[PDB]
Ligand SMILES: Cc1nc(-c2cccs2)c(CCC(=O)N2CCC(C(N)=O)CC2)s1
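Encoded as structure tokens, the following chain is the form solved without the ligand, with no partner shown.
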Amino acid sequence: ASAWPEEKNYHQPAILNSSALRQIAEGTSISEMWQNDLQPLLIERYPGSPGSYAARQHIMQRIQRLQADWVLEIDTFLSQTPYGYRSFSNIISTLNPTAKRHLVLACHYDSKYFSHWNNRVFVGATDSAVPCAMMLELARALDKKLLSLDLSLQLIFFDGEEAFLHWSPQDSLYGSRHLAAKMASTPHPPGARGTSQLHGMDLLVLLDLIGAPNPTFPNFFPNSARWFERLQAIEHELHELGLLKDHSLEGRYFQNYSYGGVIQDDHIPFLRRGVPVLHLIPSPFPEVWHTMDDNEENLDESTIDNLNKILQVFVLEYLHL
């Protein structure tokens, strides 16, 4: 019985040197992401809504235009909700589908349902339109290097992360609770006797509530702590090389501190099934959290730009690209 599912415990990154770091920094464009990936997503897109459909089309389109051999799958399913049975659609973009191991980046693309209030519409800019755009920008910026790809990359855009009313065990995490169970009962790689797609998930990097100023991401899990340390190292070096904007070490994003409690999010269904998680959600949450003010106007551009650089370097180093 092959011990490949254990390979992740020993996987080491291939650290980029100063020269490569400058390249990655210059290779990403916050303005291009802002206009081409982010703005089309700043629309009402709760599950089953026209916006949900448009958002889904936008995401698939932005991925399809890239050179890398991305395989797109739409995981659609029904589920009971406080408003009765409804349909949901997770978006999965994978490189090298039969690859045994995959580094996974994820976020939810649905927006929390809110009736219009004083002609204002909830669009969840940080929750999670920006994370979506960051994943798209990463796909675009690293496109050439990803084109060269038994460890590959996968992107998951969850639907129904938000509760229709207020959070409850049965009302929230629709897409993730469903996809986790599905992947767990799916043999991987094709033809395997006793390993699933979850055994293939090296690490789940979940981006959420990103885009507000001064975010502080805590080190939530010990079995992914070494990777959290890598993000710190990366932030530190990009900073020392003067590759970040309006950034100070005192105000670093990845700080040396744990967080006991549990935060409900798309990683739960995976974590409770043994998947290693690197949860990139800030604590505290953005002030505008679940507010009509969680819009474009309250986003911090340079902060998002800095994070794209940090994340892209993290992915390349993990993938040895």
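By rigid core we mean the largest C-alpha set that fits within 1.5 Å across both forms. Numbering starts at 1 and runs along the sequence shown.
- Of the two stretches examined, 104 to 112 and 161 to 169, the one with higher mean CA deviation in 6 other deposited structures of this protein after a rigid core fit is 161 to 169.
- In the deposited entry, the stretch joining residue 149 to residue 150 is interrupted by 4 to 9 residues of the deposited sequence lacking coordinates.
- Comparing 111 to 119 with 189 to 197, the stretch with the higher mean C-alpha B-factor in the PDB entry is 111 to 119.
- As the entry records it, the average C-alpha temperature factor is higher for 79 to 87, out of 79 to 87 and 208 to 216.
- The top Cα temperature factor in the record, among 288, 263, 281, 275, falls on 263.
- Annotation for residue 315: C-alpha temperature factor in the lowest third relative to the rest of the modelled chain, per the entry.
- Per the PDB record, residue ranking by Cα B-factor puts residue 268 in the lowest third of the chain.
- Among all modelled residues in this chain, the alpha-carbon of residue 128 has a temperature factor (C-alpha) in the lowest third.
- Among the modelled residues of its chain, residue 19 has a C-alpha B-factor that falls in the highest third, as given in the PDB entry.
- In the deposited entry, the Cα temperature factor of residue 106 sits in the bottom third of values across the chain's modelled residues.
The same protein also has a form solved in complex with the ligand, omitted here; what follows describes it.
- Using a 4.5 angstroms heavy atom cutoff to the ligand in the entry with it bound, none of 155, 202 and 318 count as contacting.
- Across the options 25 to 33, 58 to 66, 288 to 296, 41 to 49, residues that bring heavy atoms within 4.5 Å of the ligand in the entry with it bound belong to 288 to 296.
- Proximity of residue 137 to the ligand in the entry with it bound falls outside the 4.5 Å heavy atom cutoff.
- A residue is said to contact a partner when one of its heavy atoms sits within 4.5 Å of a partner heavy atom; residue 54 fails this definition for the ligand in the entry with it bound, lying far away.
- Using a 4.5 Å cutoff between non-hydrogen atoms, residue 237 does not count as a contact of the ligand in the entry with it bound.
- The ligand in the entry with it bound comes within 4.5 Å of a heavy atom belonging to residue 161.
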